[PDB]
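Remarks on the structure that follows.
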Amino acid sequence: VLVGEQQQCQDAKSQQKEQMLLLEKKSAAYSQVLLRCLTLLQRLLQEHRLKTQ
Amino acid sequence: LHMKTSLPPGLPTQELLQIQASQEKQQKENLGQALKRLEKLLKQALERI
């Protein structure tokens, strides 16, 4: 019973690292998507609307 | 540091707001009053018809 208790106790602490890395990498992926959106929107405003139009 | 160095080209969005405001307002001010004067001349032609 206490071996099972210790194993289930240590499982969450060993688990949490990979979700930390997962949220970190998806957080960086969000930054990449936002950078691409910023580039496309500045292309739409400056090149397509501000100067040419 | 990439987020501090991979900034998109041109002045940023919060500056781009007044940039586009100035460009669109000068684009409108150069042309809308000319359109109104053209329409005044055109309706003068309409009443001369």
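Heads up: the protein sequence lines correspond to chains D and E, in order. The first sequence begins at 160 in the entry's author numbering and counts up one residue at a time. The second sequence begins at 537 in the entry's author numbering and counts up one residue at a time. Yeah, the Cβ is synthetic: ideal placement off N, Cα and C, and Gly gets one too.
Looking at residue 544 of chain E and residue 201 of chain D, is the spacing between their C-beta atoms short of 7 Å?
Walking along the first sequence from the start, residue 201 of chain D turns up at place 42. Walking along the second sequence from the start, residue 544 of chain E turns up at place 8. Against a cut-off of 7 Å, the Cβ pair of residue 544 of chain E and residue 201 of chain D comes out as a contact.
Note down, in chain order, all residues in the segment 556 to 582 of chain E with a beta-carbon under 9 Å from any beta-carbon belonging to chain D.
From the segment 556 to 582 of chain E, only 556, 559, 560, 563 have a Cβ closer than 9 Å to chain D.
Given a cut-off of 7 Å on the beta-carbon distance, is the pair residue 580 of chain E and residue 209 of chain D in contact?
Position 44 of the second sequence holds residue 580 of chain E. Position 50 of the first sequence holds residue 209 of chain D. Against a cut-off of 7 Å, the Cβ pair of residue 209 of chain D and residue 580 of chain E comes out as no contact.
Counting only Cβ pairs nearer than 8 Å, list the residues of chain A close to residue 186 of chain D.
Among the protein chains in the structure shown, which are D and E, there is no chain A.
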